[PDB]
Amino acid sequence: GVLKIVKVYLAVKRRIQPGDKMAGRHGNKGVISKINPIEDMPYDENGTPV
Amino acid sequence: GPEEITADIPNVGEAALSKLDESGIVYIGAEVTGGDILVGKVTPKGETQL
Amino acid sequence: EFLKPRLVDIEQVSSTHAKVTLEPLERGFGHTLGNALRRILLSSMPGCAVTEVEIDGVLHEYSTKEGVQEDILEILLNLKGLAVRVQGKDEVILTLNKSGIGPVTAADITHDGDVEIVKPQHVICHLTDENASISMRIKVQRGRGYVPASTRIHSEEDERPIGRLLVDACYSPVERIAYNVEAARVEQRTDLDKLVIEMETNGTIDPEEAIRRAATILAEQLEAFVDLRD
């Protein structure tokens with residue numbers, strides 16, 4: 001009953017955003033709640049933010 | 001009747017038919033987004049009765 | 001009767017490191033200026049970075065040219081960390097041609113008059129054939145912050161070609177800014193500090209120029225409180 005088929009492949013690159021779900025190995029799930037700017041994050045004496 | 005893969009779709013704006021080639025199928029490399037047309041097709045339909 | 005901090009000598013540890021000092025800082029002001037500046041430098045410094053590459057025979061980022069040993073999605077991740085200076089213009093269009101076995105570095109970009117590539121050994125890709133070849137037309141712009149490629153898709157203005165690969169742009173010359181307020185001893189005073197802003201850039205922004213460009217962002221923003229207009 002078919003005549004011709006056409007298959008198309010889109011390659012979308014999904015970045016990260018609030019609502020996503022991350023997790024370490026030891027069973028500590030989580031959901032991202034914010035993306036702070038670089039300068040709000042805490043920094044040690046050297047200035048390197050976490 | 002048999003459906004077709006016409007590159008000319010009834011009453012669709014020219015902006016939507018920008019990436020479809022003359023054969024009807026989208027080019028390989030185009031950046032499509034929500035709502036765009038990837039493969040033009042028209043199904044016959046008579047007996048209007050408006 | 002406050003004192004005025006005056007810019008003093010600028011130790012330069014490397015091409016990318018630096019340290020400044022603001023000698024006669026009054027008591028309690030070492031931390032008021034110290035952190036007021038560090039939130040200005042990490043946020044709003046103008047720099048230039050790549051904005052869209054266009055290679056000769058490749059259509060999309062998920063392709064693979066024959067002759068190099070990296071995807072076209074992996075050459076774009078090496079270009080995104082290309083440190084470059086543009087003297088007078090706003091946007092430039094660099095060029096890179098090369099053939100023959102061996103790595104392709106930033107030193108092989110067609111040397112324009114203004115565009116001054118700063119890290120000339122930055123590897124881009126390797127050519128693993130005697131009769132291979134790459135030809136790309138990079139583009140450079142000026143801006144601040146970080147603007148992804150998705151945002152610029154709204155300001156494409158009928159981006160006619162389909163061979164125009166877009167890279168995300170992060171125009172910011174600074175990567176970390178520490179500071180330390182220690183004791184300064186003027187010839188006769190009891191309370192005085194000395195700020196030491198140890199900034200580390202990617203060789204693009206000048207240190208002395210990078211701190212005056214901050215105070216004119218802060219003193220220009222405090223124009224609103226000097227006169228409250230209701």
# chains A, B, ... in the order shown; residues from 1 in each chain; ligands from 1
>>> interface_residues(of="chain A", to="chain B", cutoff="10 Å", atoms="only C-alpha atoms", output="list in words")
residues 1, 2, 3, 4, 5, 6, 7, 8, 9, 10, 11 and 12 of chain A
>>> write_last_selection(atoms="N, CA and C atoms", output="PDB file, in the first residue's frame")
ATOM      1  N   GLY A   1       0.793  -1.211   0.000  1.00  0.00           N
ATOM      2  CA  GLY A   1       0.000   0.000   0.000  1.00  0.00           C
ATOM      3  C   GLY A   1       0.829   1.266   0.000  1.00  0.00           C
ATOM      4  N   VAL A   2       2.113   1.146   0.336  1.00  0.00           N
ATOM      5  CA  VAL A   2       2.991   2.306   0.364  1.00  0.00           C
ATOM      6  C   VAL A   2       3.634   2.488  -1.001  1.00  0.00           C
ATOM      7  N   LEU A   3       4.055   3.715  -1.298  1.00  0.00           N
ATOM      8  CA  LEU A   3       4.761   4.027  -2.533  1.00  0.00           C
ATOM      9  C   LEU A   3       6.216   4.397  -2.307  1.00  0.00           C
ATOM     10  N   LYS A   4       6.487   5.379  -1.455  1.00  0.00           N
ATOM     11  CA  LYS A   4       7.855   5.793  -1.190  1.00  0.00           C
ATOM     12  C   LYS A   4       7.916   6.390   0.201  1.00  0.00           C
ATOM     13  N   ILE A   5       9.031   6.176   0.883  1.00  0.00           N
ATOM     14  CA  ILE A   5       9.217   6.634   2.251  1.00  0.00           C
ATOM     15  C   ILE A   5      10.392   7.593   2.285  1.00  0.00           C
ATOM     16  N   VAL A   6      10.330   8.566   3.184  1.00  0.00           N
ATOM     17  CA  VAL A   6      11.407   9.537   3.306  1.00  0.00           C
ATOM     18  C   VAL A   6      11.757   9.717   4.772  1.00  0.00           C
ATOM     19  N   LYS A   7      12.988   9.397   5.145  1.00  0.00           N
ATOM     20  CA  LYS A   7      13.415   9.542   6.524  1.00  0.00           C
ATOM     21  C   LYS A   7      14.432  10.664   6.661  1.00  0.00           C
ATOM     22  N   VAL A   8      14.201  11.537   7.634  1.00  0.00           N
ATOM     23  CA  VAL A   8      15.043  12.698   7.874  1.00  0.00           C
ATOM     24  C   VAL A   8      15.551  12.644   9.306  1.00  0.00           C
ATOM     25  N   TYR A   9      16.811  13.018   9.505  1.00  0.00           N
ATOM     26  CA  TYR A   9      17.454  12.975  10.813  1.00  0.00           C
ATOM     27  C   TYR A   9      17.889  14.369  11.231  1.00  0.00           C
ATOM     28  N   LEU A  10      17.320  14.871  12.320  1.00  0.00           N
ATOM     29  CA  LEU A  10      17.723  16.136  12.912  1.00  0.00           C
ATOM     30  C   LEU A  10      18.681  15.862  14.055  1.00  0.00           C
ATOM     31  N   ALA A  11      19.686  16.713  14.213  1.00  0.00           N
ATOM     32  CA  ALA A  11      20.684  16.541  15.264  1.00  0.00           C
ATOM     33  C   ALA A  11      20.655  17.767  16.161  1.00  0.00           C
ATOM     34  N   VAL A  12      19.770  17.742  17.153  1.00  0.00           N
ATOM     35  CA  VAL A  12      19.648  18.865  18.069  1.00  0.00           C
ATOM     36  C   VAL A  12      20.572  18.666  19.260  1.00  0.00           C
TER      37      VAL A  12
END
>>> interface_residues(of="chain C", to="chain B", cutoff="8 Å", atoms="only C-alpha atoms", output="PDB file with N, CA, C and O atoms, in the first residue's frame")
ATOM      1  N   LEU C  59      29.398  20.947   5.303  1.00  0.00           N
ATOM      2  CA  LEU C  59      28.064  21.532   5.348  1.00  0.00           C
ATOM      3  C   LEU C  59      27.585  21.821   6.767  1.00  0.00           C
ATOM      4  O   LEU C  59      26.992  22.871   7.016  1.00  0.00           O
ATOM      5  N   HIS C  60      27.817  20.906   7.701  1.00  0.00           N
ATOM      6  CA  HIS C  60      27.300  21.045   9.055  1.00  0.00           C
ATOM      7  C   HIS C  60      28.349  20.543  10.044  1.00  0.00           C
ATOM      8  O   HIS C  60      29.352  19.920   9.676  1.00  0.00           O
ATOM      9  N   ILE C 162      24.035  27.844   3.685  1.00  0.00           N
ATOM     10  CA  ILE C 162      23.918  26.705   4.591  1.00  0.00           C
ATOM     11  C   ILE C 162      25.271  26.145   4.990  1.00  0.00           C
ATOM     12  O   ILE C 162      25.322  25.110   5.672  1.00  0.00           O
ATOM     13  N   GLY C 163      26.364  26.786   4.598  1.00  0.00           N
ATOM     14  CA  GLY C 163      27.673  26.331   5.008  1.00  0.00           C
ATOM     15  C   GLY C 163      28.253  27.140   6.144  1.00  0.00           C
ATOM     16  O   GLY C 163      29.438  27.008   6.453  1.00  0.00           O
TER      17      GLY C 163
END
>>> interface_residues(of="chain C", to="chain A", cutoff="8 Å", atoms="only C-alpha atoms", output="JSON, numbers by chain")
{"C": [38, 39, 42, 43, 176, 177, 178, 179]}
>>> write_last_selection(atoms="N, CA, C and O atoms", output="short mmCIF file (atom, residue, chain, number, x, y, z; two decimals), in the first residue's frame")
data_model
loop_
_atom_site.label_atom_id
_atom_site.label_comp_id
_atom_site.auth_asym_id
_atom_site.auth_seq_id
_atom_site.Cartn_x
_atom_site.Cartn_y
_atom_site.Cartn_z
N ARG C 38 35.88 43.45 41.66
CA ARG C 38 35.91 42.07 41.20
C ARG C 38 34.57 41.61 40.63
O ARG C 38 34.55 40.71 39.79
N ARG C 39 33.45 42.20 41.05
CA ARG C 39 32.19 41.88 40.40
C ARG C 39 32.02 42.65 39.11
O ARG C 39 31.10 42.38 38.34
N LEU C 42 34.70 40.45 36.37
CA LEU C 42 34.24 39.15 35.93
C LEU C 42 32.97 39.22 35.10
O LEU C 42 32.52 38.19 34.59
N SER C 43 32.36 40.40 34.97
CA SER C 43 31.04 40.51 34.37
C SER C 43 31.04 41.30 33.06
O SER C 43 30.44 40.87 32.08
N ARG C 176 40.01 34.90 36.25
CA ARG C 176 39.92 34.85 37.70
C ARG C 176 40.57 36.10 38.28
O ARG C 176 41.57 36.57 37.75
N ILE C 177 39.98 36.63 39.34
CA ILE C 177 40.39 37.91 39.93
C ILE C 177 40.38 37.71 41.44
O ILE C 177 39.33 37.58 42.06
N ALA C 178 41.56 37.68 42.04
CA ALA C 178 41.68 37.66 43.49
C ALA C 178 42.00 39.06 43.98
O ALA C 178 42.15 39.99 43.19
N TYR C 179 42.10 39.22 45.30
CA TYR C 179 42.60 40.46 45.88
C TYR C 179 42.93 40.22 47.34
O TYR C 179 42.44 39.28 47.96
#
>>> residues_around(residues="residue 40 of chain C", least_positions_apart="5", cutoff="10 Å", atoms="only C-alpha atoms", output="PyMOL selection string")
(chain A and resi 39) or (chain C and resi 35+45+211+213-215+217-218)
>>> write_last_selection(atoms="N, CA, C and O atoms", output="compact mmCIF listing (two decimals), in the first residue's frame")
# COMPACT_ATOMS: atom_id res chain seq x y z
N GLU A 39 30.28 35.43 39.27
CA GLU A 39 30.79 36.19 40.40
C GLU A 39 29.95 36.06 41.66
O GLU A 39 30.35 36.61 42.69
N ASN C 35 35.85 44.20 46.39
CA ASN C 35 34.80 43.36 45.83
C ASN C 35 33.88 44.13 44.89
O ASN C 35 33.22 43.51 44.06
N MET C 45 33.73 43.12 31.09
CA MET C 45 34.90 43.58 30.36
C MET C 45 34.72 43.27 28.88
O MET C 45 34.32 42.16 28.52
N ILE C 211 41.46 48.11 34.59
CA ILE C 211 40.94 48.60 35.86
C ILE C 211 40.35 49.99 35.71
O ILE C 211 39.35 50.32 36.35
N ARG C 213 38.87 50.77 33.02
CA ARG C 213 37.63 50.46 32.32
C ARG C 213 36.57 49.94 33.29
O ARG C 213 35.39 49.86 32.93
N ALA C 214 36.97 49.59 34.51
CA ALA C 214 35.99 49.17 35.51
C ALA C 214 35.48 50.35 36.31
O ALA C 214 34.27 50.50 36.50
N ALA C 215 36.38 51.21 36.78
CA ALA C 215 35.95 52.36 37.56
C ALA C 215 35.05 53.29 36.76
O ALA C 215 34.19 53.96 37.34
N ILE C 217 32.92 52.15 34.78
CA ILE C 217 31.64 51.45 34.78
C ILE C 217 30.95 51.61 36.12
O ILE C 217 29.72 51.56 36.21
N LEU C 218 31.73 51.80 37.18
CA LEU C 218 31.14 51.95 38.51
C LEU C 218 30.78 53.40 38.77
O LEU C 218 29.65 53.72 39.14
>>> select_by_dssp(residues="segment 54-222 of chain C", states="alpha helix (DSSP H)", output="NGL selection string")
:C and (72-79 or 149-153 or 207-218)
>>> select_by_dssp(residues="segment 8-219 of chain C", states="strand (DSSP E or B)", output="PyMOL selection string")
chain C and resi 11+19+22-25+47-50+52-53+55+68+84-85+92+96-98+102-105+109+116-117+123-127+134-136+140-143+147+165-166+169+174-183+193-201
>>> closest_residue(among="A:21, A:13, A:29, A:36", to="residue 50 of chain A", atoms="only C-alpha atoms")
A:36
